[PDB]
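These protein sequence lines map, in sequence, to chains A and D. First residue of the first sequence? That's 210 in the deposited numbering, and the numbers climb one at a time after it. First residue of the second sequence? That's 209 in the deposited numbering, and the numbers climb one at a time after it. In this text, a Cβ means the ideal position worked out from N, Cα and C, and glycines have one as well. In what follows, a single structure is set out as structure tokens and then discussed.
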Amino acid sequence: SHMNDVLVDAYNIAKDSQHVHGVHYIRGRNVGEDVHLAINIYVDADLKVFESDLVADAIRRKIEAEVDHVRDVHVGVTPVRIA
Amino acid sequence: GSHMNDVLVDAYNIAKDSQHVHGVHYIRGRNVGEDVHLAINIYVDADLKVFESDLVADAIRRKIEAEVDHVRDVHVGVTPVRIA
């Protein structure tokens, strides 16, 4: 039953984080009572990797801190050319 | 902008409550421009016949396509579970 809350809350965190151009994809997997989550964010292609890495880490930390029932969280980045 | 939250919740709920579904294994939503593409995988009895699991997956797909706004492509896969 927790998948619905996990996915909404995690998506809402990611979508409004600094440097996120938009969410690319979100995946939730039930493992017993736990939800494993993978999220991939679109980020400016020309950002430095140190900066994109900080963004991914901050999103991960915040989802882990704030979202109940999520066990593992992975946050990946997809570059996008910004018009 | 985004319709992802409604798509995921409504689709998960359709799949979870369908006949022969032991539970949802995973769900994935992808934003493609203004569209959402969805993949869902359901746990089913390991001993269900292929013909039966194909009917279940197709019915879930049809119902999500019919009921869930803003979803474009829908794929429904199955994962077998043998309890005993």
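*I235/A - DSSP class collapsed to helix/strand/coil*: Strand at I235/A.
*What's the gap between the Cα of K271/D and the Cα of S210/A?*
Rounded to whole angstroms, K271/D to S210/A spans 20 Å at the Cα level.
*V232/D: which of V240/D, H245/D, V264/D sits nearest, CA to CA?*
It is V264/D.
*What's the gap between the Cα of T287/A and the Cα of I235/A?*
Those two C-alpha atoms are separated by around 13 Å.
*How long is the line joining the alpha carbons of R290/D and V240/A, rounded to whole angstroms?*
The straight-line gap separating the alpha-carbon atoms of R290/D and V240/A is approximately 16 Å.
*Roughly how many angstroms lie between the CA atoms of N213/D and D253/A, to the nearest whole one?*
Approximately 24 Å, taken between the alpha carbons.
*In the DSSP assignment, what are the bridge partners of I250/A?*
DSSP, once it has assigned bridges, lists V232/A, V286/A as partnering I250/A.
*Expected contact under 8 Å - CB spacing of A219/D and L246/D to nearest Å*: Taking the Cβ atoms as the reference, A219/D lies roughly 6 Å from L246/D, within the contact range of under 8 Å.
*Given that a residue counts as buried once 16 or more other Cβ atoms are within 10 Å of its Cβ, and exposed if not, what is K257/D?*
That one is exposed.
*Within 10 angstroms of the Cβ of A223/A, are there 16 or more other Cβ atoms? Answer buried if so, exposed if not.*
Buried, by the Cβ-count rule.
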